[PDB]
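Everything on this sheet refers to the single structure shown next.
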Amino acid sequence: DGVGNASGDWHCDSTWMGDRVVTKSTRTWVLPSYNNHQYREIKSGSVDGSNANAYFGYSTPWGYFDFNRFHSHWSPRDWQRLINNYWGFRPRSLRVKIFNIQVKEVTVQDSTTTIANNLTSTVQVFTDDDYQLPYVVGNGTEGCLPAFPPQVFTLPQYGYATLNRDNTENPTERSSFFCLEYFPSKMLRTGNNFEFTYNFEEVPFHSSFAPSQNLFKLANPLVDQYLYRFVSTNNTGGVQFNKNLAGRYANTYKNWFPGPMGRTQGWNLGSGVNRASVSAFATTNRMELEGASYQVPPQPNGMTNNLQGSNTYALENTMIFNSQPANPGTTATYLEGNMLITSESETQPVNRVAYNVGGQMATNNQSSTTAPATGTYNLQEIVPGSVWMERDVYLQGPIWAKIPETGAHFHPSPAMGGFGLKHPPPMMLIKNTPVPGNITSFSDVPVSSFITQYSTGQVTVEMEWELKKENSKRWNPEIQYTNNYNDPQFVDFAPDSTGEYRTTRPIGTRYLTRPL
Amino acid sequence: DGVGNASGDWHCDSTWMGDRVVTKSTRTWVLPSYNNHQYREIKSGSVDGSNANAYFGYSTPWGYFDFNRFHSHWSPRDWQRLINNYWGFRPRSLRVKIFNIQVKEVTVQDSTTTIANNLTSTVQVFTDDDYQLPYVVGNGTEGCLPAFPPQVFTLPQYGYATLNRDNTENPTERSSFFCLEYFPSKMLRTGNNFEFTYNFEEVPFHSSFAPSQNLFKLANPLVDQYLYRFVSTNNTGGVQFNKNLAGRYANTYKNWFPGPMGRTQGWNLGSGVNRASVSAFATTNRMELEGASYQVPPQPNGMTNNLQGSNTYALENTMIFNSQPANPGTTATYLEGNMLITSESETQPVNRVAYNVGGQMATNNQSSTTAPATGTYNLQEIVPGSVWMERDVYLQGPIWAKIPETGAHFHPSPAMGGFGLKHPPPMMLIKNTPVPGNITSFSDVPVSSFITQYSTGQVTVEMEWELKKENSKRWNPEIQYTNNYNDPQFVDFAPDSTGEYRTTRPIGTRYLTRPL
Amino acid sequence: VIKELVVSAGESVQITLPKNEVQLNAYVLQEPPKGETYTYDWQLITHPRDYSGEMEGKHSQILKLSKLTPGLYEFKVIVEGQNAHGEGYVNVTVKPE
């Protein structure tokens with residue numbers, strides 16, 4: 001209620017309750033006064049020789065809350081207890097609560113930066129629950145809540161890129177500008193707090209199970225099919241047929257088919273017999289959209305890199321995390337030992353691999369003169385009767401994404417993994433209100449001299465997850481995420497002597513196994 | 001409720017109410033920001049030539065409250081009124097209450113350390129009442145509430161040592177990491193307080209009485225036993241018997257037996273005829289546990305140093321306190337005049353002495369050729385029909401300890417004395433919330449620059465003690481703890497001209513006397 | 001900013017009863033100028049349990065010390081100058097008869 005009273009407590013826990021788990025998480029944040037309290041016009045042309053990077057947009061002084069990663073809510077033990085016990089999970093509700101606001105004021109006088117707090121300065125928070133702003137949350141950007149609870153994170157500055165003109169930095173007449181002070185926002189002093197509740201829409205469970213059985217090997221290898229296959233022609237043009245035998249899965253009749261494919265390049269990790277000195281930009285899979293051509297990693301769902309125990313990965317198809325957060329705007333050439341190169345090997349009985357051709361189809365009509373000929377294709381889209389698996393979600397990866405408000409779409413599983421939401425959690429924007437400096441006269445030009453200041457405080461996020469319980473009559477034990485290190489020099493998913501949070505490997509969800 | 005109102009009063013008293021005494025005690029504490037708000041990896045190898053000292057563990061920024069000593073609750077007069085009037089005591093309830101929180105902020109600018117308080121900064125307190133953390137309280141460590149109420153103490157930093165690997169500093173795959181911000185903690189401003197109640201489980205009373213009668217001398221010396229003893233054999237092999245006479249306790253039939261024993265070395269205090277220039281490390285009693293060998297003072301219950309009025313003590317068996325608190329990490333060679341070397345002479349009718357052999361047993365089978373031979377043993381464990389006395393508790397010593405969560409145990413009297421608790425008082429952890437400094441840009445790396453700050457405040461602890469009333473038909477007066485000094489140069493258990501709290505001698509509990 | 005100096009005088013002294021009356025010097029490195037005045041601060045940090053107390057801080061180079069029960073004595077001396085600040089320790093170990 002006032003300055004000498006706590007406006008909320010530290011809730012950071014998890015409570016497994018049957019087929020349901022709430023996951024609370026309080027973090028501490030810092031909000032810089034971005035742009036010195038003004039809207040700016042960020043724009044760029046073709047950098048790196050590509051006019052795909054040309055954008056037009058606006059950068060606001062508003063910061064925002066991005067709790068759209070799984071480690072922001074899940075400890076690695078509560079993640080381990082999830083992915084080794086349950087076949088699925090999906091979010092149900094959400095409860096965000098910003099509290100203990102305190103706003104300092106830096107006063108650099110003769111290089112003595114005194115930092116004191118003003119009790120009177122406010123903080124604006126609104127939530128965009130009519131979805132009228134550019135939703136920039138679900139795009140794999142930084143500025144998230146940290147994985148580790150005693151880390152203090154700075155809130156990312158809110159910008160958005162509108163329509164540019166002809167792949168330049170210049171706008172078009174459809175390019176918009178959203179003023180964010182034209183939205184009603186709650187003014188928060190140091191004794192006020194901002195609560196917010198949200199209920200997720202009906203989404204499918206994330207299929208956190210690996211297949212126990214190949215897709216083209218769903219018949220039993222004991223009894224044989226009552227269907228025959230064309231095998232050959234005789235010395236005349238008379239066709240000949242053979243019975244599909246029992247375990248001959250290469251030529252049985254299939255009833256279901258794998259998912260989409262676009263053949264990406266496969267690069268060897270580990271030892272590697274890769275091509276030396278490849279500038280890997282000019283040969284990636286691009287998807288040209290209204291002018292320029294864009295790299296689109298990862299490719300849409302229905303494929304996999306990395307078959308099984310092979311060091312060949314499709315690096316265009318994968319999600320490559322770093323081990324630690326990096327400095328912004330770095331041009332460092334990281335190697336294999338720095339990254340978390342993340343495999344989708346668990347879905348190979350259903351999905352086709354991305355560094356191999358998917359099949360072959362007949363190219364000509366045969367005759368007594370022309371022999372039959374086939375040709376391999378590098379990409380195949382949705383066929384009726386297809387079945388694929390969605391992208392695996394990770395502890396270090398995004399939870400949701402917003403479906404773009406277009407006319408139509410085909411089934412909206414995000415390519416980066418997670419939950420495709422039509423009405424996602426609304427984007428909580430926040431800024432410091434501008435406090436003017438010493439203004440002694442009237443002028444019609446607006447104030448450009450402000451008290452330089454930042455605010456800080458805590459935020460708690462309480463999600464709730466409906467879980468799909470495992471129910472299998474499998475006899476032998478399964479593979480599960482065990483803590484298996486040979487001679488650990490450090491405890492993983494735990495700090496070090498420096499005090500930085502050390503993660504080494506990404507953690508999937510498909511560890512339970514389930515027959516098709 | 002707010003900054004200008006006291007959030008609790010100074011309760012520090014004791015209220016004897018029949019067979020019950022409540023003992024309140026308020027102290028003032030200081031909490032430094034330990035580790036600069038981060039988890040670290042403390043580890044060590046073999047120091048002092050011993051790989052027993054090799055540990056792996058983690059050090060938290062959390063401090064904790066350790067009121068697990070008897071002088072934290074008891075004045076020496078209320079301790080004197082206890083140990084001279086009652087045969088037993090045990091804790092019943094507990095009530096801890098942290099209040100009057102105020103958090104300063106040190107700002108060293110040009111070597112002028114200005115210390116001002118911020119009204120907005122918080123303090124996290126949780127209590128670990130599901131016992132999920134490593135309980136480090138009952139282990140004889142420093143950082144307790146002081147004996148003397150106007151002393152201000154600093155809260156000890158919370159660390160714990162997990163499993164290392166092969167007696168090195170490296171971890172094993174079973175070594176855990178407990179994040180303490182993954183526990184729900186109450187955020188406390190300067191107008192908030194933290195209350196906590198606790199009820200102790202059913203424990204036995206501490207037997208605060210000395211025996212009035214020897215264990216092997218429980219018969220009367222007037223009438224003689226109806227049981228005979230084998231005394232000798234004649235010139236043939238014919239056995240001969242004699243009646244056990246009345247007061248001949250060296251050869252009567254015994255019904256109860258003394259406790260465990262492990263023979264320790266006995267060293268002479270006072271004048272001393274000790275062996276000169278002994279490096280006393282290589283000849284102590286060790287107990288090798290999973291690799292390395294550990295000194296284990298004091299040895300388990302059932303023995304005593306110091307028979308009666310002799311200057312020979314078993315220094316491996318005793319509890320050696322200092323007179324004053326010492327600086328941390330000191331390598332000073334203290335002498336007899338500095339220490340509080342604490343005798344267990346009061347329990348010698350029941351317990352065996354630790355610098356003598358406990359008995360002798362037959363080593364061979366006799367014959368007409370071989371004579372009978374016996375051999376002294378240096379250690380004897382639990383025999384059915386044993387009876388020993390527990391370790392005496394002291395005014396300067398620990399109250400409780402936690403039984404380790406293993407499978408099984410034998411009757412859990414702690415070797416350091418006190419009350420073996422299965423569910424001990426939960427460990428009240430506390431830290432300062434991190435307030436970030438001047439952060440002007442977004443970076444994905446967590447904040448490492450903080451406002452350097454400490455907090456201070458008061459804590460009151462209200463225990464409640466059920467007492468066993470003395471009821472004896474002894475005629476003559478007893479020995480009691482009297483204030484007996486010959487020419488005092490200072491009042492003991494009271495300050496001096498410097499103002500430091502002067503204690504000279506440890507105070508037991510066994511002063512009442514009671515027949516077996 | 002205050003600079004440093006060196007305190008070195010022992011650190012064992014190892015006196016023995018009955019001859020308990022000892023005094024401790026305050027050797028300073030390096031060589032001070034004749035204008036710089038030093039202030040000293042002798043503090044008793046450990047002493048035996050039967051110690052009476054006649055050592056109170058002389059703030060001088062000479063530390064008188066009387067009525068010593070046998071045990072370990074530790075003195076934290078604090079040497080403070082105009083732009084110089086050092087400190088030292090001394091273990092006086094009094095043995096009985």
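Quick note on naming: the chains in the structure tokens go A, B, ... in the order shown, residues restart at 1 in each chain, and ligands are numbered from 1 in order of appearance.
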Margin query: Quick one: residues within 6 Å of region 189-198 of chain B, only C-alpha atoms, excluding same-chain residues fewer than 2 positions away - as a ChimeraX atom specification?
Written below: /A:4-6 /B:1-3,93-99,101-102,122
Export of prior selection with N, CA and C atoms as a CSV table (one decimal), in the first residue's frame:
```
chain,number,residue,atom,x,y,z
A,4,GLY,N,6.9,1.6,2.7
A,4,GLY,CA,7.5,0.8,3.7
A,4,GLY,C,6.9,-0.6,3.9
A,5,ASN,N,6.2,-1.1,2.9
A,5,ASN,CA,5.5,-2.3,3.0
A,5,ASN,C,5.7,-3.1,1.7
A,6,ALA,N,6.0,-4.4,1.8
A,6,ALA,CA,6.2,-5.3,0.7
A,6,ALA,C,4.9,-5.5,-0.1
B,1,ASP,N,3.6,-1.9,10.1
B,1,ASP,CA,2.9,-1.8,8.8
B,1,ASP,C,3.7,-1.0,7.8
B,2,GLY,N,4.3,0.0,8.4
B,2,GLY,CA,5.1,1.0,7.5
B,2,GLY,C,6.5,1.3,8.1
B,3,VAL,N,7.2,2.2,7.5
B,3,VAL,CA,8.5,2.5,7.9
B,3,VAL,C,8.7,3.2,9.2
B,93,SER,N,8.1,-26.6,22.6
B,93,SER,CA,7.7,-25.8,21.4
B,93,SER,C,8.8,-24.7,21.1
B,94,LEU,N,8.6,-23.9,20.1
B,94,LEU,CA,9.5,-23.0,19.6
B,94,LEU,C,8.7,-21.9,18.9
B,95,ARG,N,9.2,-20.7,18.9
B,95,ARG,CA,8.6,-19.6,18.2
B,95,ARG,C,9.6,-18.6,17.8
B,96,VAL,N,10.0,-18.5,16.6
B,96,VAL,CA,11.0,-17.6,16.0
B,96,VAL,C,10.2,-16.5,15.4
B,97,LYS,N,10.8,-15.2,15.5
B,97,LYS,CA,10.1,-14.1,14.9
B,97,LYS,C,11.1,-13.0,14.6
B,98,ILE,N,11.3,-12.8,13.3
B,98,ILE,CA,12.3,-11.9,12.7
B,98,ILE,C,11.5,-10.5,12.5
B,99,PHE,N,12.1,-9.4,13.0
B,99,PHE,CA,11.4,-8.2,13.0
B,99,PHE,C,12.4,-7.0,12.9
B,101,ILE,N,13.3,-5.1,10.3
B,101,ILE,CA,14.2,-5.2,9.2
B,101,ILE,C,14.6,-3.8,8.7
B,102,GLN,N,15.8,-3.6,8.6
B,102,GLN,CA,16.3,-2.3,7.9
B,102,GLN,C,17.5,-2.7,7.1
B,122,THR,N,14.2,-5.2,-0.2
B,122,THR,CA,13.5,-6.3,0.5
B,122,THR,C,14.6,-7.3,1.0
```
Find the residues in chain B near chain A: any atom within 7 Å counts, using only C-alpha atoms. Write them as a PyMOL selection string.
-> chain B and resi 1-3+38-42+119-120+170-173+177+181-192+436+439-447
With C-alpha atoms kept, could you save the residues just selected as a compact mmCIF listing (two decimals), in the first residue's frame?
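Final output, saved to part.txt:
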```txt
# COMPACT_ATOMS: atom_id res chain seq x y z
CA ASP B 1 2.89 -1.83 8.82
CA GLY B 2 5.09 0.98 7.54
CA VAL B 3 8.55 2.50 7.86
CA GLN B 38 25.61 -15.75 -6.54
CA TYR B 39 26.07 -19.48 -6.09
CA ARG B 40 29.65 -20.67 -6.08
CA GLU B 41 31.48 -23.97 -6.19
CA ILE B 42 33.65 -24.44 -3.12
CA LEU B 119 13.31 2.02 2.22
CA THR B 120 12.41 -0.05 -0.84
CA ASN B 170 35.79 -33.44 -8.16
CA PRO B 171 32.08 -34.30 -7.97
CA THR B 172 30.38 -37.60 -8.62
CA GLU B 173 27.20 -38.06 -10.62
CA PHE B 177 22.83 -28.89 -6.17
CA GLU B 181 15.47 -19.55 -4.71
CA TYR B 182 13.45 -22.56 -5.86
CA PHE B 183 11.83 -22.46 -2.42
CA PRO B 184 8.98 -20.03 -1.68
CA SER B 185 10.26 -17.24 0.55
CA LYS B 186 8.51 -14.28 2.13
CA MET B 187 9.71 -10.92 0.84
CA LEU B 188 10.20 -8.56 3.79
CA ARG B 189 10.39 -4.78 3.51
CA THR B 190 11.22 -2.54 6.46
CA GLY B 191 7.66 -2.73 7.78
CA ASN B 192 7.16 -6.48 7.50
CA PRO B 436 21.05 -4.04 -9.71
CA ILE B 439 22.36 -1.12 -16.37
CA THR B 440 21.70 0.94 -19.49
CA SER B 441 21.50 -1.68 -22.26
CA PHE B 442 20.03 -5.13 -22.81
CA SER B 443 22.34 -8.12 -22.71
CA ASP B 444 21.42 -11.78 -22.37
CA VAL B 445 24.20 -12.34 -19.82
CA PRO B 446 22.83 -11.87 -16.28
CA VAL B 447 23.52 -8.79 -14.20
```
- request: Hey, list the chain C side of the contact with chain B: 6 Å cut-off, only C-alpha atoms, answer as a PyMOL selection string.
  value: chain C and resi 48-49+52+71-72
How about saving the chosen residues, C-alpha atoms kept, as an mmCIF file, in the first residue's frame?
```cif
data_model
loop_
_atom_site.group_PDB
_atom_site.id
_atom_site.type_symbol
_atom_site.label_atom_id
_atom_site.label_comp_id
_atom_site.auth_asym_id
_atom_site.auth_seq_id
_atom_site.Cartn_x
_atom_site.Cartn_y
_atom_site.Cartn_z
ATOM 1 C CA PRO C 48 43.360 -16.951 29.062
ATOM 2 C CA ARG C 49 40.128 -17.394 30.962
ATOM 3 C CA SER C 52 42.429 -10.001 34.933
ATOM 4 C CA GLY C 71 48.257 -19.303 28.150
ATOM 5 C CA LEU C 72 48.217 -17.679 24.728
#
```
Residue contacts of residue 317 (chain B) (10 Å, only C-alpha atoms) excluding same-chain residues fewer than 6 positions away, as a PyMOL selection string
chain B and resi 262-266+285+296-301+303-306+342-344+353-355+415-416
- Message: Report, in Å to a single decimal, how far apart CA of residue 128 (chain A) and CA of residue 427 (chain A) are.
- Response: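 Computed distance, CA of residue 427 (chain A) to CA of residue 128 (chain A), equals 5.5 Å.
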Find the spatial neighbours of residue 363 (chain B), counting only C-alpha atoms, within a cut-off of 7 Å - ignore same-chain residues fewer than 2 positions away - and output them as a PDB file with N, CA and C atoms, in the first residue's frame.
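This went into out-v4.pdb:
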```pdb
ATOM      1  N   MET B 361      39.001 -61.098  28.393  1.00  0.00           N
ATOM      2  CA  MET B 361      38.275 -62.306  28.049  1.00  0.00           C
ATOM      3  C   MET B 361      39.262 -63.424  27.766  1.00  0.00           C
ATOM      4  N   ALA B 373      44.433 -68.367  30.014  1.00  0.00           N
ATOM      5  CA  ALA B 373      45.000 -67.067  29.700  1.00  0.00           C
ATOM      6  C   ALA B 373      43.892 -66.126  29.261  1.00  0.00           C
ATOM      7  N   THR B 374      43.988 -64.868  29.683  1.00  0.00           N
ATOM      8  CA  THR B 374      43.046 -63.833  29.292  1.00  0.00           C
ATOM      9  C   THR B 374      43.764 -62.742  28.515  1.00  0.00           C
ATOM     10  N   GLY B 375      42.974 -61.932  27.821  1.00  0.00           N
ATOM     11  CA  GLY B 375      43.508 -60.828  27.057  1.00  0.00           C
ATOM     12  C   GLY B 375      42.637 -59.597  27.143  1.00  0.00           C
TER      13      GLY B 375
END
```
So which residues touch residue 63 (chain C) within 7 Å, counting only C-alpha atoms, skipping near sequence neighbours fewer than 4 positions away, as an mmCIF file with N, CA and C atoms, in the first residue's frame?
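Okay, this is what ended up in part_10.cif:
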```cif
data_model
loop_
_atom_site.group_PDB
_atom_site.id
_atom_site.type_symbol
_atom_site.label_atom_id
_atom_site.label_comp_id
_atom_site.auth_asym_id
_atom_site.auth_seq_id
_atom_site.Cartn_x
_atom_site.Cartn_y
_atom_site.Cartn_z
ATOM 1 N N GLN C 23 57.431 -6.461 27.723
ATOM 2 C CA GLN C 23 57.021 -5.313 26.924
ATOM 3 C C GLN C 23 57.323 -5.580 25.455
ATOM 4 N N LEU C 24 56.506 -5.035 24.560
ATOM 5 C CA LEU C 24 56.582 -5.348 23.141
ATOM 6 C C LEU C 24 56.884 -4.093 22.334
ATOM 7 N N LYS C 58 47.718 1.647 25.147
ATOM 8 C CA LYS C 58 48.607 2.758 25.461
ATOM 9 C C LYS C 58 48.716 3.753 24.319
#
```
Tell me, as a count of residues only, which residues lie within 12 Å of residue 256 (chain B), counting only C-alpha atoms; anything in the same chain fewer than 2 positions away does not count. 20
As a ChimeraX atom specification, please: the residues near residue 81 (chain C) (cut-off 8 Å, only C-alpha atoms, same-chain neighbours under 5 positions excluded).
/C:36-39
Exercise for the section: Would you mind writing down, as a VMD selection string, each residue of chain C that DSSP on the backbone assigns to strand (DSSP E or B)? Expected result: chain C and resid 3 6 to 7 16 19 24 28 to 29 39 42 to 46 63 71 to 80 84 to 95
